[PDB]
């Protein structure tokens, strides 16, 4: 079907806010990865399509999602990037796993409502 921009925003923005509310777990994901600042210059060799919470928020606010699954795909791109780049023992990897648990919990009832 057809989704209006504000219908998508009202439904999906709370699920994004649920990720931001995870502290410390959302902190590595709030801004685009800056490999030079972080000392990890191999990042863009490994992660070809970067994604983060700030970019998803902007796309939601600017109507760049036409369907809910496009938003879900970006959130999952952010997760899969972090599980790919970071080691299983690292903070970022474990924080990613926590965010994915929280997102799964919140997005399910929202998809039902849409």
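Each form is matched to the other, and the largest set of C-alpha atoms that superpose within 1.5 Å is called the rigid core. Numbering follows the first chain given and starts at 1.
Novice: Relative to the presented form, and with the rigid core used for superposition, do the C-alpha atoms of 34-42 or of 48-56 deviate more in 7 other deposited structures of this protein?
Specialist: Higher average C-alpha offset in 7 other deposited structures of this protein goes to 34-42.
Novice: When the C-alpha temperature factors are averaged for each of 29-37 and 82-90, which stretch ends up with the higher value in the entry?
Specialist: The stretch with the larger average C-alpha B-factor is 29-37.
Novice: Decide which of the stretches 7-15 and 91-99 has the higher mean C-alpha B-factor, going by the entry.
Specialist: Between 7-15 and 91-99, it is 7-15 that shows the higher mean C-alpha B-factor.
Novice: Per the entry's values, where does residue 60 land by CA temperature factor relative to the rest of its chain, in the lowest, middle or highest third?
Specialist: Its C-alpha B-factor, which the entry lists for residue 60, ranks in the middle third among residues of this chain.
Novice: Based on the entry's values, in what third of the chain does the Cα temperature factor of residue 2 lie: lowest, middle or highest?
Specialist: Ranked within chain, residue 2 CA B lands in the highest tercile.
Novice: Quick check for you: using the entry's CA B-factors within this chain, is residue 43 in the lowest, middle or highest third?
Specialist: Its C-alpha B-factor, which the entry lists for residue 43, ranks in the middle third among residues of this chain.
Novice: Using the temperature factors of the C-alpha atoms in this entry, rank residue 110 within its chain: lowest, middle or highest third.
Specialist: Middle third - that is where residue 110 ends up once the chain's C-alpha B-factors are sorted.
Novice: What third of its chain's C-alpha B-factors does residue 74 belong to: lowest, middle or highest?
Specialist: Middle third.
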